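The structure appears right after this line, and notes come after that.
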Amino acid sequence: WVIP
Amino acid sequence: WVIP
Amino acid sequence: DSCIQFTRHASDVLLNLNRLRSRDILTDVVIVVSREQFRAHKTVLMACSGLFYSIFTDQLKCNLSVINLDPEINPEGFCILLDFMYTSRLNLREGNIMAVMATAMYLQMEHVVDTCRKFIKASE
Amino acid sequence: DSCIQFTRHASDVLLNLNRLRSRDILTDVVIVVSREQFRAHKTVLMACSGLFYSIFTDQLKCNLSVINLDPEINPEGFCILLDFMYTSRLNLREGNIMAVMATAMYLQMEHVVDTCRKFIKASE
Ligand SMILES: O=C1Cc2cc(Nc3ncncc3Cl)ccc2N1
Ligand SMILES: O=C1Cc2cc(Nc3ncncc3Cl)ccc2N1
Ligand SMILES: [Cl-]
Ligand SMILES: [Cl-]
């Protein structure tokens, strides 16, 4: 999971 | 395009 | 093999599937949640959820145009997860994390369940 | 928004759509190429091809279970492109590049047309  |  | 690969292909396909959903094109099922209705593509739901995979591989249920979810399922939690299925983006907030995790457990969306568990553990 | 994003989501969705294609699950159309038949999902074909997008948004054609391609279309070229649609992998070779590019032009798959043009230019 990432900060888009 | 890339070499997978 | 000796194939080449287009890096952005999978993302472009999902973006186009979401554009079809927005315009209600070729949607083939209605998911009913506490009298809230969500139109979707059976194949996308199956590709994202162990529950929908099991439902639409069933010889009788594969032919249904309406699926009713368990009444304990929250429509907002479902809406957030449906959006995630079609975009890879999860709108996870303090105010919805419990409903989102409970819905992801029911839908069998293991990666969503994992990040909810981690975000909850960080706040304790 | 304040969404989080699962990096591998789009790729996992496409992998699952290809597994459904392999097992012939929920395929809703047959594409006929020079008497060679290919089963697929209309939504995936639309997501990848400007030609299929136009065909399945047509009020009459959206309801067809069989689509016949132009007889000049090569079945191997189509097969390679269908595989690309469901995997992001293009099996491009000296022996098939002309058929693949001609098929990609007809199907309106601009990124494939682009790499074929570049690979052909490198060999001249
Ligand atoms: O967490 C998850 C996400 C998910 C998706 C599916 N889908 C499929 N699996 C295998 N072949 C085809 C399909 Cl469509 C099954 C289980 C789970 N569990
Ligand atoms: O090269 C290409 C690839 C491609 C895909 C599509 N598909 C869609 N476009 C927009 N909204 C939904 C969909 Cl399904 C249309 C044109 C082209 N041209
Ligand atoms: Cl997931
Ligand atoms: Cl393309």
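A note on labels: chains of the structure tokens are A, B, ... as shown, every chain counts residues from 1, and ligands are counted from 1 in their shown order.
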
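The environment of residue 29 (chain C) within 12 Å, counting only C-alpha atoms and disregarding residues fewer than 5 places along the same chain, consists of residues 21, 24, 37, 38, 39, 40, 41, 42, 43, 44, 45, 46, 52, 55, 56, 61, 62, 63, 64, 65, 66, 67 and 68 of chain C.
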
Keeping C-alpha atoms for every residue in the selection just given, could you write it to a file as a CSV table (one decimal), in the first residue's frame?
chain,number,residue,atom,x,y,z
C,21,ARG,CA,-19.2,1.2,-14.6
C,24,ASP,CA,-23.6,1.8,-16.7
C,37,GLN,CA,-28.3,-0.8,-4.9
C,38,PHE,CA,-25.0,-1.0,-6.7
C,39,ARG,CA,-24.6,-1.9,-10.4
C,40,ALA,CA,-21.4,-3.7,-11.4
C,41,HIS,CA,-19.7,-6.3,-13.7
C,42,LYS,CA,-19.7,-9.8,-12.3
C,43,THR,CA,-16.2,-10.5,-13.7
C,44,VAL,CA,-14.7,-7.5,-11.9
C,45,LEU,CA,-16.4,-8.5,-8.6
C,46,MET,CA,-15.1,-12.1,-9.0
C,52,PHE,CA,-18.2,-13.0,-5.4
C,55,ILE,CA,-21.2,-16.9,-5.9
C,56,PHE,CA,-20.7,-16.4,-9.6
C,61,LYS,CA,-26.2,-18.2,-8.8
C,62,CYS,CA,-24.1,-17.4,-11.9
C,63,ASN,CA,-27.4,-16.6,-13.7
C,64,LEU,CA,-28.8,-14.2,-11.1
C,65,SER,CA,-29.1,-10.5,-12.0
C,66,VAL,CA,-29.6,-9.5,-8.3
C,67,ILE,CA,-27.5,-10.5,-5.3
C,68,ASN,CA,-28.6,-9.6,-1.7

Open item on the list: Can you tell me which residues surround residue 109 (chain D) at a distance of at most 12 Å, considering only C-alpha atoms, apart from same-chain residues fewer than 2 positions away, and format the answer as a count of residues only?
Closed with: 32

Task: Close residues, residue 2 (chain B) itself excluded, 9 Å, only C-alpha atoms, min 6 positions apart in chain, as number ranges by chain - done: C: 4-7

Open item on the list: I need the residues of chain C that end up classed as helix (DSSP H, G or I) by DSSP on the backbone, written out as number ranges by chain.
Closed with: C: 9-22, 42-48, 50-56, 61-63, 75-87, 97-107, 110-123

- [ ] State, in Å with one decimal place, the distance from CA of residue 83 (chain D) to CA of residue 22 (chain D).
- [x] 10.6 Å

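CA of residue 86 (chain D) is positioned 14.1 Å from atom 7 (N, counted along the ligand's line) of ligand 2.
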
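Using only C-alpha atoms, the smallest distance between any of C:118, C:23, C:35, C:8 and chain A comes from C:118.
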
Task: Sel. of strand (DSSP E) residues, chain C, as an MDAnalysis selection string - done: chainID C and resid 4:5 29:33 36:40 66:68 89:90
